[PDB]
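Shown here is one chain on its own, the form deposited in one PDB entry, set out as structure tokens.
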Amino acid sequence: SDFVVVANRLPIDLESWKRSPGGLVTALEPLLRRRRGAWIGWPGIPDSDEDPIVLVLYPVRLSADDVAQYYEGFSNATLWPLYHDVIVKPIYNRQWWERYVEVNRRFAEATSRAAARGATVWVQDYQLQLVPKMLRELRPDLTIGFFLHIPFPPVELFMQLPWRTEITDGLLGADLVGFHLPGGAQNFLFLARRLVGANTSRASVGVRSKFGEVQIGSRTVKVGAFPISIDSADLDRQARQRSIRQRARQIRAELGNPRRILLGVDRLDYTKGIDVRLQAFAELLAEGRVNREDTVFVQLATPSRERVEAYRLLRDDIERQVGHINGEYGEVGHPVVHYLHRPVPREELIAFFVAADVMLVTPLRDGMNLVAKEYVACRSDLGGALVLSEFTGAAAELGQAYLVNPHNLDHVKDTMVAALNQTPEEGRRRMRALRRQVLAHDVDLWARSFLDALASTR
């Protein structure tokens, strides 16, 4: 293989198979499926095999302890809570870190058994931050690039991590290190100067331009900001099949023809602000500011990481909110909140985007968020309204949505009422400006921006 991708997930998921969750699959699978090459990742279950399925995929077998301590543990109960501004208190555990080190080392060695000479390797995300340095040690001929799909925290918080130095050096084994936002890339150059003691650049980093540099002995490390997106054009087009439109109409009938339909779509994850949108909706019903008989909210929540107790805690609290709200304001035969805890099939989800008057995307912190960009591409009729949290990476590109600080609950409620009350002229004006950005900045633009930057490092 002249070209290898390394990520924890594969594009499939074993139960028989299934699509893997998350936006890294949403974006990489359409891109790489078009590109013959190799992919290394975990089959989503413990103690599988290492036999490939044919592009070419290589499964990494993880033991029961690898999953609990590197995946559920160091990755999702240390790195994840902390990188999103310690929403949940992180846990610092030495056995999780020791297992983190060892799994990353097995990934670096699976890449080597795949990476031909001089090949181009591309490593993905927070679970695999030591692989750049490990892989260079084994394999100094490779061109290595790394993209983090989650935010990179402020310096004062990253320094909590007992292994702050080994994570930084792990990332600097690559030739190019990328982030969604210039904010993440500037956090990084700071931490390189003020922890590993390297010479870094001092200007600010640009979007797909004005890249920074770190000087590591006899090597030079490039740093950049590359905001990911979706395969905008296929989705825009898939949303125009007569079947989807006719299905959107049937959805609103199955609900008893409300005047306004509000929607949320997310993995069930404490970053996502699902609890914020429910509380704001409940206080709006309480205040008589929405009509409880012709207005309804649907929440499509995908189960995620449910053996982590911070997720089961969140699940318990969100379920309580749904029975509470319906208990007070619904009628028999007529909830005001419809709550579903499973992954919807792609075509059924597109109908929901089309049926929805108001999209609710309220994360407390999010590296990017592709649900926001998917809704915008699905509305070639220019109806709808996107209520967008400013703590997402998308608010930097989607300025024409209605933008909220999710911690100001009055601002959330105010902005929900305005989106419900927008004029046709105002809603179409915004949906046009938002659609023009998303169609121009798709996943193609993002992938060619990163790998042309990586190619220059040679």
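Just so we're on the same page, rigid core means the largest C-alpha set that superposes within 1.5 Å between forms. Residue numbers run from 1 along the displayed sequence.
Another form exists, deposited in another entry; not displayed. Remarks below refer to it.
Asks: Superpose on the rigid core and name the single residue from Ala396, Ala433, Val417, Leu31 whose Cα moves by 2 angstroms or more between this form and the one not shown.
Replies: Once the cores are aligned, the residue moving by 2 Å or more is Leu31.
Asks: Do you see a C-alpha shift of 2 Å or more at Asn405 between this form and the one not shown, with the core held fixed?
Replies: It does not reach a 2 Å shift.
Asks: A 3 angstroms or greater change in CA distance between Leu313 and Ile45 is reported in that other deposited form. Closer or farther than in this form?
Replies: Relative to the displayed form, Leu313 and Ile45 move farther apart in that other deposited form - a change of at least 3 Å between their C-alphas.
Asks: Can you confirm the direction of the Cα distance change for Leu32 and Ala395 in that other deposited form, closer or farther than in this form, given it is 3 Å or more?
Replies: Compared with the shown chain, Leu32-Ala395 is farther in that other deposited form.
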